[PDB]
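Excluded from the calculations below are hydrogen atoms, water molecules and symmetry mates; all remaining heavy atoms, backbone and side chain alike, are included. We name chains A, B, ... by the order of the sequence lines, and we start the count at 1 in each one. Read the numbers this way: they start at 1 and go in the same order the structure lists the ligands and their atoms.
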Amino acid sequence: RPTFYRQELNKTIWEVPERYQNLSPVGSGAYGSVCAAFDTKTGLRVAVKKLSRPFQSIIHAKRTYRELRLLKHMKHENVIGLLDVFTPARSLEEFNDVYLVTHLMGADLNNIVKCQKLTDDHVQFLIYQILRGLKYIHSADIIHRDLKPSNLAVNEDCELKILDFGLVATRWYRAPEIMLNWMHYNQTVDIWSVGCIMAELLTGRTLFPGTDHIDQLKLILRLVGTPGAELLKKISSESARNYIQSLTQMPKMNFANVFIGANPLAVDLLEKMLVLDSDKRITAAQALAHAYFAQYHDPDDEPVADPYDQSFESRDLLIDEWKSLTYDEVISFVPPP
Amino acid sequence: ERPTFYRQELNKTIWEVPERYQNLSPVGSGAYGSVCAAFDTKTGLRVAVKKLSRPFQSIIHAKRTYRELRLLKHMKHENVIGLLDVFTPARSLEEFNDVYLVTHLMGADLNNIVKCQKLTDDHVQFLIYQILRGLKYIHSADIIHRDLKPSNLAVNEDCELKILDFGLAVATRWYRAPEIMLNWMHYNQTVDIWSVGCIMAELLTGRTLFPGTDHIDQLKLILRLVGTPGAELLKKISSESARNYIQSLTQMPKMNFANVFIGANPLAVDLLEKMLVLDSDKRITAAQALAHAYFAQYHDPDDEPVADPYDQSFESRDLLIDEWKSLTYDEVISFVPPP
Ligand SMILES: Cc1ccc(-n2nc(C(C)(C)C)cc2NC(=O)Nc2cccc(Nc3ncnc4ccc(N)cc34)c2)cc1
Ligand SMILES: Cc1ccc(-n2nc(C(C)(C)C)cc2NC(=O)Nc2cccc(Nc3ncnc4ccc(N)cc34)c2)cc1
Ligand SMILES: CCCCCCCCO[C@@H]1O[C@H](CO)[C@@H](O)[C@H](O)[C@H]1O
Ligand SMILES: CCCCCCCCO[C@@H]1O[C@H](CO)[C@@H](O)[C@H](O)[C@H]1O
Ligand SMILES: CCCCCCCCO[C@@H]1O[C@H](CO)[C@@H](O)[C@H](O)[C@H]1O
Ligand SMILES: CCCCCCCCO[C@@H]1O[C@H](CO)[C@@H](O)[C@H](O)[C@H]1O
């Protein structure tokens, strides 16, 4: 049980153990605020996320538990891990604030696509690592839903980690079914995003730079073509089917022609990721075994999540219970080596 | 007059090297590069061949590649690693993507030794003399090693020592100067003298001086020996919160080192006192240490050379990857082997 100190930073109170020094705001919003800090115990730069109003709404209370529980179980080279979690509170009664701590990310993938023309091997290595972390995330029944270059931390050695930085437009990497307000969607949405990211690493530019969601969808159909009869058989929404069925047919462009400078294996993989029908998209685990990643793929070193349930929508509790569940997860936390 | 190259794969790694280098076997690997031991048929020497990893894949890697080549091309001293050769398979700048560095193959490091024998005082004399002689040279080129530790000091069968950097990816923190762990933003050469003091102590006692489990523990262990900061030193810390923090600790006196290192040569103890001072401005320098009576058997003021002027101006430049690559290529092409 450390000694805590108290400061204000941009109209928010930060109560943090002595071990973290030189707290410097690096971002804030309705989900949390983050400070970069110096971890005196380790000498590493850390990010300290203070969650915003964690128990003031039921949805906040729930988000608070979901994030801590998830992050406590994320133990993979290509996924953000939890270095520390704390609270200034000394008991459950006083418990109203939670702080999450991770390795500070310097650079993201967007910092990289804006600095240089990537070689093929550099694209192989980056997309390999995305797919490796995603295979692990998906095996826990988690969908990322916002994969984009700014949520992908890349160090000096091109070692990549998936985070969620939310506190380069999201719409640009987003699966069409999300933009269409689909009833359910699944983890295949994130494969669409990876397709958009890989394209951009291959050409240097945003694949579908839409100005709004409808422009976005227009650009997508232009490349991949209008839905086929097989896909239409699976659209539940009458008004959607009506609209989609009105459109003039658009053919699928030849990707080998679009991406004329790219490795044909890279082109082949993009064709398997950027498919309208999400059921026909390649999965993260299947994409790892694609020839494009032959120099990187190791089926005995592409691990999957631990057995804890991370997908528990059914639980309909009250703020107080989500609160004590969270409090227990904080107290039981064991730091990584 | 380009050599003929042969290709092979060692550990998912392609090694393309001139025929002169035979019998490659991998001896180390990591994020910075991979190393193979080899036999240089031209010279009859065993060599180490280090293939840099992803040399031009990032701006940071590109500048590291250049930095390492420049530094190794400069180092011409008996107690410091020298460059025997540098090569690339590339025939032009437009082909240039791989860099290989060749040095004399080192047998053991100093760490292998301390574990394996209790060292005589003449033995510690010789090893520490050679570290300071190399350090005097490195420091004279305005280079700071920053990671001096037994695993970065190679020692042959004749007890001849070279400083290098074996790192490719025994804790560094154990030999690290207290100000580096305090995040002092403008540290200087004297950090390496701290490290030498820690290494000498270990050679005398046979055990790590300050085996800290983290940065805080490390500092605790250091203060148990050297004492909590004096009034002189506290005044050099301009942070009120830092000052008050240190003052609220249980105050530790300085231990008398002669009372700590039992049975050691009194001269070695005196030298260690001069190296392990908390205030870096008060530490002995490498040049000064060489003249300490501890090394009277070894010291020769006419055989402790300094480096030719070293142009480090690149460090302060922010350049493109293909610019760093082109500059590295110039240095590959201009390399002249040592006779
Ligand atoms: C409700 C909820 C649930 C889960 C997440 N979540 N999910 C994930 C995946 C799926 C990738 C494992 C990750 C999160 N959360 C997450 O990343 N949280 C988090 C925790 C601590 C710090 C940070 N943020 C940052 N970490 C490191 N460097 C940073 C640099 C700048 C900056 N603005 C934020 C940083 C994020 C987010 C929200
Ligand atoms: C980015 C960068 C810059 C500079 C260095 N650096 N600095 C120095 C000083 C300060 C001592 C001059 C030396 C290095 N680099 C360095 O030693 N590189 C290097 C080059 C070639 C081979 C080796 N490694 C080895 N050399 C000889 N025998 C070995 C035996 C085993 C093994 N695993 C490695 C060996 C290291 C290292 C990295
Ligand atoms: C105008 C653009 C048409 C968009 C078509 C998007 C098709 C999305 O793909 C659909 O995803 C669903 C949700 O995961 C699945 O249930 C469906 O089976 C699948 O076909
Ligand atoms: C699955 C698709 C269902 C929703 C798509 C509706 C978006 C319509 O598209 C929009 O509407 C205008 C006409 O209404 C058009 O002139 C424009 O193309 C566009 O702004
Ligand atoms: C255990 C208490 C922590 C000690 C903190 C020491 C950090 C000193 O930090 C240094 O202090 C100097 C003081 O003028 C400044 O010149 C430097 O810029 C600053 O980095
Ligand atoms: C908690 C124990 C305090 C350790 C204090 C270490 C003092 C280091 O020494 C300091 O190093 C700085 C960096 O070069 C110099 O600028 C200062 O002049 C010097 O006093």
Closer than 4.0 angstrom: is that true for some heavy atom of A:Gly27 and an atom of ligand 1?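 Contact check A:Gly27 vs ligand 1: negative.
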A:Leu147 and A:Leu134: side-chain contact (heavy atoms from CB on, under 4.5 Å), yes or no, with the steps? CA-CA 10 Å; A:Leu147 268 189; A:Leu134 221 57; 3.8 Å; yes
Taking non-hydrogen atoms only, is A:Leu71 closer than 4.0 angstrom to ligand 1 via side chain, backbone, both or neither?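 Answer for A:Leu71: side chain.
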If the condition is ring pair (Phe, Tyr, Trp, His ring centres under 6.0 Å), which residues does A:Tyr243 pass it with, not counting sequence neighbours?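 A:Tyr243 satisfies ring pair (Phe, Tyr, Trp, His ring centres under 6.0 Å) with no other residue.
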Taking the side chain as every heavy atom from C-beta outward, state whether A:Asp97 and A:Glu15 have any atom pair closer than 4.5 Å.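 A:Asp97 does not reach A:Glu15 side chain to side chain.
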Looking at the rings of A:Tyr99 and A:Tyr20, which for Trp means the six-membered one, are their centres under 6.0 Å apart?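 Ring centroids of A:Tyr99 and A:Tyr20 are no less than 6.0 Å from each other.
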Suppose we screen for salt bridge (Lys or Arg N to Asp or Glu O under 4.0 Å). Which residues come up paired with A:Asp279, at least two apart in sequence or across chains?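 A:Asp279 satisfies salt bridge (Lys or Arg N to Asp or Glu O under 4.0 Å) with A:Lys234 once adjacent residues are dropped.
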Considering only heavy atoms of [X], which atoms of ligand 1 have at least one such atom less than 4.0 Å away?
X	answer
A:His103	27 (C), 28 (N)
A:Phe165	29 (C), 30 (C), 31 (C), 32 (C), 33 (N), 34 (C), 35 (C)
A:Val26	33 (N)

Backbone or side-chain N or O of [X] under 3.5 Å from ligand 1 N or O:
X	result
A:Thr102	yes
A:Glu67	yes
A:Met105	yes
A:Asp164	yes

Check ligand 6 against the protein and report each N/O to N/O distance under 3.5 Å, formatted as atom name, atom name, distance.
unit_1: ligand 6; atom_1: 9 (O); unit_2: B:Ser280; atom_2: N; d: 3.0
unit_1: ligand 6; atom_1: 9 (O); unit_2: B:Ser280; atom_2: OG; d: 3.3
unit_1: ligand 6; atom_1: 11 (O); unit_2: B:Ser280; atom_2: OG; d: 3.0
unit_1: ligand 6; atom_1: 18 (O); unit_2: B:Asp281; atom_2: OD1; d: 3.2
unit_1: ligand 6; atom_1: 18 (O); unit_2: B:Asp281; atom_2: OD2; d: 2.6
unit_1: ligand 6; atom_1: 20 (O); unit_2: B:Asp279; atom_2: OD1; d: 2.7

Go through the steps for A:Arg69 and A:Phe312 under the test side-chain contact (heavy atoms from CB on, under 4.5 Å), then give the verdict. CA-CA 11 Å; A:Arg69 188 185 162 87; A:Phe312 41 90; 3.6 Å; yes
Please enumerate all residues that pass side chain to side chain donor-acceptor pair (under 3.5 Å) together with A:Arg241, with sequence neighbours excluded.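 Side chain to side chain donor-acceptor pair (under 3.5 Å) list for A:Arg241, sorted by chain: empty.
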Give me the one residue out of A:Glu302, A:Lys135, A:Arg132 that meets side-chain hydrogen bond (donor to acceptor under 3.5 Å, both in side chains) with A:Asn78.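 Exactly one candidate clears the test, A:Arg132.
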Identified side chain to side chain contact (heavy atoms under 4.5 Å, CB included) partner of A:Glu177 from the options A:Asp277, A:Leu276, A:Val189, A:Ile235: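 Of all the options given, the one that passes is A:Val189.
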Do other residues, nucleotides or ligands put more than 12 heavy atoms under 6.0 Å from B:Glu232 CD?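 At most 12 heavy atoms, drawn from other residues, nucleotides or ligands, come within 6.0 Å of this atom.
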